[PDB]
Novice: 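One structure is given below, represented as structure tokens, and several questions about it will come after.
Below, read A as the first sequence line, B as the second, and so on, with proteins coming before strands; counting in each chain starts at 1.
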Amino acid sequence: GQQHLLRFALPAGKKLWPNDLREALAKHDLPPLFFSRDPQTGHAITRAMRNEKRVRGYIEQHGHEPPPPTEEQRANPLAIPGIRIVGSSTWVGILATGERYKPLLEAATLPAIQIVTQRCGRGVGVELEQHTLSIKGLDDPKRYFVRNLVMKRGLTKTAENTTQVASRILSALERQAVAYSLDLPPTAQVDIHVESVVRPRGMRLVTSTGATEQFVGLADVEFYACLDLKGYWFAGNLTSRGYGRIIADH
RNA sequence: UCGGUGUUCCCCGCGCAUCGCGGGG
């Protein structure tokens, strides 16, 4: 429900992408959960079993019933990143969503200041934003962007990507709404229109274990929707690294 | 808001379940 954004305004010259900050913070002694890695599995956070009926199939699959979910799985059944490293070309920061994840942001605050000030020299601005996530229907379309939407699969260069992207956004909203016990306005009210899918392109997937041969689809988005979002909402994949950030146009 | 130009390194969810749709880094 409650979000804290630690935001560093970068000096005119210098860039510091979310992934650079993330990797630099990897050199400090921060808990795995800060990087959306489950400390009780050693893997990235992911979902446990949802449907009881699969136990049977699990058993013959593995020779035993499924283990109890990890603490992060019980707390975060949909595997939504409680910590994201976010930013654009002009700023970089750390978004904690939920009181569970606020101590991680605290732990990482001074390391992050060190990293940003070292990389950028003098001039770095800082803000701490507080939001509570909310979603409400409107009578008129509000304009939005999605910065660096990532779709691991299904992003094409042909025009129907516009609707392919729309579906993803909707799913994302539902996903987040379910995660945070928020009520979704009806799809017919939302009336999402992806006005634009800019520069559909590829991006090599790099993980904690190294760069991979999988590429994912990457693109920037303009869309409209009769929706009022409070707080920071995301769509697409790899949002723990700031990808897919929904930005209200002002 | 618009740096990476194109698909598997490994974890997972769901389903009209050697497949199909998705999720995590």
Novice: Does the base of B/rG3 carry an N or O that pairs as donor and acceptor with the side chain of A/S89 under 3.5 Å?
Specialist: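 For A/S89, whose side chain was compared with the base of B/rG3, there is no donor-acceptor pair (under 3.5 Å).
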Novice: With syn defined as a glycosidic torsion within 90 degrees of 0 and anti otherwise, which applies to B/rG6?
Specialist: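 That one's anti.
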Novice: How many Å lie between CG on A/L238 and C1' on B/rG3, as a whole number?
Specialist: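 The distance from CG of A/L238 to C1' of B/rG3 comes to 16 Å, rounded to the nearest Å.
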Novice: Could you tell me how the ring of A/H131 sits relative to the ring of A/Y232: parallel (under 30°), tilted (30 to 60°) or perpendicular (over 60°)?
Specialist: perpendicular
Novice: Run A/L149 and A/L218 through side chain to side chain contact (heavy atoms under 4.5 Å, CB included) and show every step you take.
Specialist: CA-CA 6 Å; A/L149 172 67; A/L218 172 68; over 6 Å; no
Novice: With positive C1'-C2'-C3'-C4' meaning north and negative meaning south, how does B/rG20 come out?
Specialist: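 The sugar ring of B/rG20 falls in the north range (positive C1'-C2'-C3'-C4' torsion).
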Novice: Report yes or no: do A/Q114 and A/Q118 form a side-chain donor-acceptor pair below 3.5 Å?
Specialist: yes
Novice: Which of the following nucleotides, B/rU7, B/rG13, B/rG25, is nearest to the side chain of A/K152?
Specialist: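 Nearest to the side-chain atoms of A/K152, counting from C-beta on, is B/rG25.
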Novice: Examine B/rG15 and say whether its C1'-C2'-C3'-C4' torsion places the sugar north (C3'-endo side) or south (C2'-endo side).
Specialist: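 Pucker flag: north.
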Novice: Mark yes or no for a side-chain to base donor-acceptor pair under 3.5 Å between A/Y243 and B/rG25, with no hydrogen or angle criteria applied.
Specialist: no
Novice: Among B/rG3, B/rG23, B/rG25, which nucleotide has an atom closest to any side-chain atom of A/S36?
Specialist: B/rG25
Novice: Going by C1'-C2'-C3'-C4' alone, is B/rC16 a north or a south sugar?
Specialist: south
Novice: Is the closest side-chain donor-acceptor distance between A/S208 and A/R37 under 3.5 Å?
Specialist: yes
Novice: Specify the separation, in whole Å, of atom CZ of A/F215 and atom P of B/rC9.
Specialist: 13 Å
Novice: Is A/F145 stacked on the base of B/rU1, with ring centres under 5.5 Å apart and planes under 30° apart?
Specialist: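 Ring-base stacking flag set for A/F145 and B/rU1.
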Novice: Under the criterion of centre distance below 5.5 Å and interplanar angle below 30°, is A/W17 classified as stacked on the base of B/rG3?
Specialist: yes
Novice: Whole-Å distance between B/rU1 P and A/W233 CH2?
Specialist: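 About 19 Å, once rounded to whole Å.
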Novice: Nearest whole Å is fine: how far is B/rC21 P from A/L170 CG?
Specialist: 19 Å
